[PDB]
Peer 1: 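Take this structure, written in structure tokens, and hold onto it; I'll ask about it next.
Here is how names work: the chains are called A, B, and so on, in the same order as the sequence lines, proteins then strands, and each is numbered from 1. Below, all heavy atoms of this structure are taken into account, side chains as well, without hydrogens, waters or symmetry copies.
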Amino acid sequence: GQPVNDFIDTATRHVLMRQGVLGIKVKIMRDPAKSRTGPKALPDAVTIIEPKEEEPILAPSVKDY
Amino acid sequence: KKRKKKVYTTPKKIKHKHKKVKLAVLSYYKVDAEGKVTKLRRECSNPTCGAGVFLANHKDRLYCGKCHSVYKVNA
RNA sequence: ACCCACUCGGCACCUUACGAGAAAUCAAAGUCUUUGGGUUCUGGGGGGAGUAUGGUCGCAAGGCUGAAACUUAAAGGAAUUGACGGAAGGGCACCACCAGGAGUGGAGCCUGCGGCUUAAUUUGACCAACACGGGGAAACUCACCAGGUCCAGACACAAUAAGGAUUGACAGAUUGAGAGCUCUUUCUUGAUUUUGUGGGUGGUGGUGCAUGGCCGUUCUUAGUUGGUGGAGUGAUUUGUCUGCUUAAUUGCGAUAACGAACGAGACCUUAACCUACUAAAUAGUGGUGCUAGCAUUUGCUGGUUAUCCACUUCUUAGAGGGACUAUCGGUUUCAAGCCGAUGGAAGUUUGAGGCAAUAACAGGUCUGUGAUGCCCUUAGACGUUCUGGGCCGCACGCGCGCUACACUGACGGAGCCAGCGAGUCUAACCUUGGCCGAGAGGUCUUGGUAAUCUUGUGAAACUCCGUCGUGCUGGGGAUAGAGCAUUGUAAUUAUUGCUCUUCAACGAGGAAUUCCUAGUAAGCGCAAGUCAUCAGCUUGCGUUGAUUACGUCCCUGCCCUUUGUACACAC
Ligand SMILES: [Mg+2]
Ligand SMILES: [Mg+2]
Ligand SMILES: [Mg+2]
Ligand SMILES: [Mg+2]
Ligand SMILES: [Mg+2]
Ligand SMILES: [Mg+2]
Ligand SMILES: [Mg+2]
Ligand SMILES: [Mg+2]
Ligand SMILES: [Mg+2]
Ligand SMILES: [Mg+2]
Ligand SMILES: [Mg+2]
Ligand SMILES: [Mg+2]
Ligand SMILES: [Mg+2]
């Protein structure tokens, strides 16, 4: 998917050794929550906001300043 | 891929070598009894040949040496 | 004769093993290194071999008893995972089939491969090789063949070294050659080199079965993994599952598992909708406001933001909205879902892609790489250049294709419509327009570094009106001859284009075999890539636009579960 382009960073190196070439592939997935550019979270990483639960009152109790 | 030995139909040729002669002062200048000397070789007309251009000689022509021009001794 | 409660003896069953066992399993196969109730028989790795011989019984067939030589590193038991099965159950695929369409296989030609031939006809590859190596090679490319140069042999050491160590050379032999390559007599330069010894550098030399990277394939599927816990001595297993559902290990759920991860989905690009927003001589429309050209109680057009006003429906691109199977009706372990209809631009994941897990293959590439180990070679080179030739060579076999077999047509006139692109000033790219030429093309200019110009790429199929008239015919245009041009130093083995002439097979193609379910098949052309020149190739683009089926497991295969296995190099 796209988040591979967004958050995955890969490097490939050849290592010359006395017996041959040894391939190194480094792949790093950085935390989406950091950085200020592009998407800041993975797709479908849905978060919900707490309802800030409030009790209900009984009487109308008109209020005037 | 197997490769064969190259077999030559012609003899080997040698690379040319500079001729070894111990004549570097003998045939260049001559000294008179008193000491007067005048260069016996000719001068290239083209100025980019040098005062010491030292035109060489052959049987039927004179070789420049640097500008590679051809003249005649019987001019 | 039934019922209930017992009891002794018997054939047996169910649960679990506290116990035993290598395990399968076992109420005995328990009471076994905590080893002893009594007693009979048998075995000592696999074969040779229940063979030979002797004895004994039998009418015989044969039975009972029963070796050795020699040979050999396993044979064997139970269980695990996978793979396989002409095993079962459940799903799935147009690289499978059904119903079909278009074909290919038959012809001529183009191209690749094999084989032959050749100095060479370089070479890799054999579903997952064969218009593939972006591989459409005149030179180059090039790796091959016949020859000619050159060192672009760095550095260290030693030797030669006052004209030397060294080059370079006009002409004349010579060489295909104006290569001083080798020479013919002799001049230039000057510690830059030569020679030898180590060493080094190149190599489209070998090894892809020593490697990296990349790519293809397994595998277009849904699959894969650890943590803690449970089961097992263990390899392993559960989690990761009966059922229903989904394209989906997608979910509903069930549950010795719980809670997670990758893959799927989500995501991204593109294609459709927006009279909503923001606006635009690099896009358009209107007002013709401005002159206006042509016909006429008003139409078609010209120049239209430095002649001018507006305004974004169409065009463009930013921010956005829009679909979430919405609603409704049915059906369902009535849950996940599924099927119809109505709305809507859009209801097969709305279409198409991009990205894409674990494990792997001795899959391909050392000929992409100044990625590379090792081996070989390195001055008469397997290094590098230059000339010429080959890669294209034809008794033949095969795979991609192109053009056809005609009247649903060919030819002629006229009509007349796209979309994706690309394009030069570090040099000649896309080319309008005028003139010349039958043509191909030539010439003089212009515009365009580009929503500006080429270009509305006025493409082709197609359409309409005519010639033909079922005759291999005016279908077909292979082969071949003559001439005219363009690209290129160079066109012969004919680069390609054009004109005239020649006018072959082919009358729909055996066995066999490919692709495909809607803007899809098929027809048709166009742009880009490769490109000095060369498309019958590819990558995309649009124009015209069907038939058939919404299925099955018969063939070919794929996935899961169960089962068998003497398979694990895995049928
Ligand atoms: Mg995805
Ligand atoms: Mg009984
Ligand atoms: Mg034995
Ligand atoms: Mg055919
Ligand atoms: Mg060549
Ligand atoms: Mg390999
Ligand atoms: Mg465990
Ligand atoms: Mg050559
Ligand atoms: Mg070829
Ligand atoms: Mg257009
Ligand atoms: Mg060519
Ligand atoms: Mg082209
Ligand atoms: Mg090609």
Peer 1: Looking at the base of C:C187, is there any donor atom on it, or on the side chain of B:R41, that sits under 3.5 Å from an acceptor on the other one?
Peer 2: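 Answer is no: no donor-acceptor pair is held.
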Peer 1: Is a donor-acceptor contact shorter than 3.5 angstrom present between the side chain of B:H18 and the base of C:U186?
Peer 2: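 Absent.
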Peer 1: Quick one: are the six-membered base rings of C:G536 and C:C537 within stacking range, meaning centres under 5.5 Å apart and planes under 30 degrees?
Peer 2: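 Judged on centre distance and plane angle, the pair does not count as stacked.
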Peer 1: Got a list of protein N/O to nucleotides 384-389 of chain C N/O distances below 3.5 Å?
Peer 2:
none

Peer 1: Measure the spacing between CZ of B:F54 and SG of B:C64 and express it to the nearest 0.5 Å.
Peer 2: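 Answer for the CZ-SG pair, B:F54 versus B:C64, is 12.0 Å.
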Peer 1: Using a 3.5 Å limit on both distances, is C:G284 in a Watson-Crick or G-U wobble pair with C:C311?
Peer 2: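 Check passed, canonical or wobble pair found.
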Peer 1: Could you pull out all residues at least two apart from A:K34 that satisfy salt bridge (charged side-chain N to carboxylate O under 4.0 Å, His left out)?
Peer 2: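 A:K34: salt bridge (charged side-chain N to carboxylate O under 4.0 Å, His left out) contacts with A:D31.
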Peer 1: Got a sec, which pairs hit disulfide bond (SG atoms under 2.5 Å apart) with one end in residues 24-65 of chain A, sequence neighbours left out?
Peer 2: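 As it turns out, there is no disulfide bond (SG atoms under 2.5 Å apart) pair with a partner in residues 24-65 of chain A once direct neighbours are skipped.
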Peer 1: According to salt bridge (charged side-chain N to carboxylate O under 4.0 Å, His left out), who are the partners of B:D60, at least two apart in sequence or on a separate chain?
Peer 2: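 For B:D60 there are no salt bridge (charged side-chain N to carboxylate O under 4.0 Å, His left out) partners, ignoring immediate neighbours.
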Peer 1: Does OP1 or OP2 of C:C214 have a side-chain N or O of A:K25 closer than 4.0 Å?
Peer 2: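 Result: yes.
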Peer 1: Would you say the bases of C:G529 and C:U530 stack, taking the criterion to be ring centres below 5.5 Å apart together with planes below 30 degrees?
Peer 2: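 Flagged as stacked, both criteria satisfied.
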Peer 1: Can C:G239 and C:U240, neighbours in the strand, be said to stack by the measure of ring centres under 5.5 Å and ring planes under 30 degrees?
Peer 2: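 Stacking holds for this pair.
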Peer 1: Would you mind calling C:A125 syn or anti? Take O4'-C1'-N9-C4 for purines or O4'-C1'-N1-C2 for pyrimidines, and syn is within 90° of 0.
Peer 2: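 Glycosidic conformation of C:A125: anti.
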Peer 1: Is the base of C:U315 syn or anti, if syn means a glycosidic angle within 90° of 0?
Peer 2: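 Here the answer is syn: the torsion falls within 90° of 0.
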Peer 1: Base, sugar-phosphate, or nothing: which does B:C67 touch, judged by heavy atoms less than 4.0 Å apart?
Peer 2: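 No contact.
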Peer 1: At less than 4.0 Å, is any side-chain N or O atom of B:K20 found next to OP1 or OP2 of C:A165? Yes or no.
Peer 2: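 Result: yes.
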Peer 1: Pick out the pairs of N or O atoms, protein on one side and nucleotides 377-381 of chain C on the other, that lie under 3.5 Å.
Peer 2:
from	atom 1	to	atom 2	distance (Å)
C:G380	OP1	B:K12	NZ	3.3
C:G380	OP2	B:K12	NZ	3.2
C:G380	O2'	B:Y8	OH	2.9
C:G380	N1	B:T10	O	3.1
C:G380	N1	B:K12	N	3.3
C:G380	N2	B:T10	O	2.6
C:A381	OP1	B:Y8	OH	3.4

Peer 1: Indicate syn or anti for C:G133, taking the glycosidic torsion and treating anything within 90° of 0 as syn.
Peer 2: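 Anti conformation here, the glycosidic angle of C:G133 being more than 90° from 0.
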Peer 1: Taking the side chain of B:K15 as its heavy atoms from C-beta onward, which of C:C355, C:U167, C:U188 lies nearest to it?
Peer 2: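 Nearest to the side-chain atoms of B:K15, counting from C-beta on, is C:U167.
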Peer 1: For C:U495, does the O4'-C1'-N9-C4 or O4'-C1'-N1-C2 angle fall within 90° of 0, making it syn, or is it anti?
Peer 2: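 Because its glycosidic torsion lies within 90° of 0, C:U495 adopts the syn conformation.
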Peer 1: Both distances under 3.5 Å, Watson-Crick or G-U wobble: report the partner of C:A527, or none.
Peer 2: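 WC or wobble partner is C:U539.
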Peer 1: Polar pairs (N or O, both sides) under 3.5 Å between protein and nucleotides 371-373 of chain C?
Peer 2:
from	atom 1	to	atom 2	distance (Å)
C:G373	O2'	A:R18	O	3.2

Peer 1: Determine which pairs satisfy disulfide bond (SG atoms under 2.5 Å apart) with at least one residue from residues 11-53 of chain B, sequence neighbours left out, and list them in order.
Peer 2: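 Matches after skipping sequence neighbours: B:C44-B:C49, B:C49-B:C67.
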Peer 1: Among C:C187, C:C150, C:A266, which nucleotide has an atom closest to any side-chain atom of B:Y63?
Peer 2: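 Of the candidates, C:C187 comes closest.
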Peer 1: Could you work out, with side-chain hydrogen bond (donor to acceptor under 3.5 Å, both in side chains) as the rule, every residue matching A:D9, not counting sequence neighbours?
Peer 2: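 Here no residue qualifies.
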Peer 1: Extract from the structure each pairing of a protein N or O with an N or O of nucleotides 203-208 of chain C at less than 3.5 Å, listing the distance.
Peer 2:
none

Peer 1: Paired with C:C498 by Watson-Crick or G-U wobble geometry, both distances under 3.5 Å: which nucleotide is it?
Peer 2: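 For C:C498, the partner nucleotide comes out as C:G483, under the 3.5 Å rule.
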Peer 1: Between C:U186, C:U185, C:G164, which nucleotide has the shortest distance from any of its atoms to the side chain of B:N57?
Peer 2: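 Of C:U186, C:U185, C:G164, C:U186 is nearest to the side chain of B:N57.
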Peer 1: Which glycosidic conformation, syn or anti, is assigned to C:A27 if syn requires a torsion within 90° of zero?
Peer 2: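 Here C:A27 takes the syn form, which means its glycosidic angle is within 90° of 0.
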Peer 1: Looking at C:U184, I'd like to know if its phosphate oxygens (OP1 or OP2) sit under 4.0 Å from a side-chain N or O belonging to B:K19.
Peer 2: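 Answer yes for this pair, as a side-chain N or O of B:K19 is under 4.0 Å from OP1 or OP2.
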Peer 1: Which base, if any, makes a Watson-Crick or G-U wobble pair with C:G302, both distances under 3.5 Å?
Peer 2: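 Its partner is none (no Watson-Crick or G-U wobble pair with both distances under 3.5 Å).
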Peer 1: If hydrophobic residues (ILVMFWY) are linked whenever their side-chain heavy atoms come closer than 4.5 Å, directly or via other members, who joins A:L42 in its cluster?
Peer 2: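 A:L42 clusters with A:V4, A:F7, A:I8, A:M29.
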Peer 1: Side-chain atoms of residues 24-41 of chain B: list all donor-acceptor pairs with protein atoms under 3.5 Å, sequence neighbours left out, distances to 0.1 Å.
Peer 2:
from	atom 1	to	atom 2	distance (Å)
B:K39	NZ	B:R41	O	3.2
B:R41	NH2	B:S27	O	3.1

Peer 1: List, one per line, each side-chain donor-acceptor pair under 3.5 Å for residues 52-65 of chain A, sequence neighbours excluded.
Peer 2:
none

Peer 1: Hey, does the side-chain of B:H16 have a donor or acceptor N/O within less than 3.5 Å of a partner on the base of C:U182?
Peer 2: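 No, the side chain and the base share no sub-3.5 Å donor-acceptor pair.
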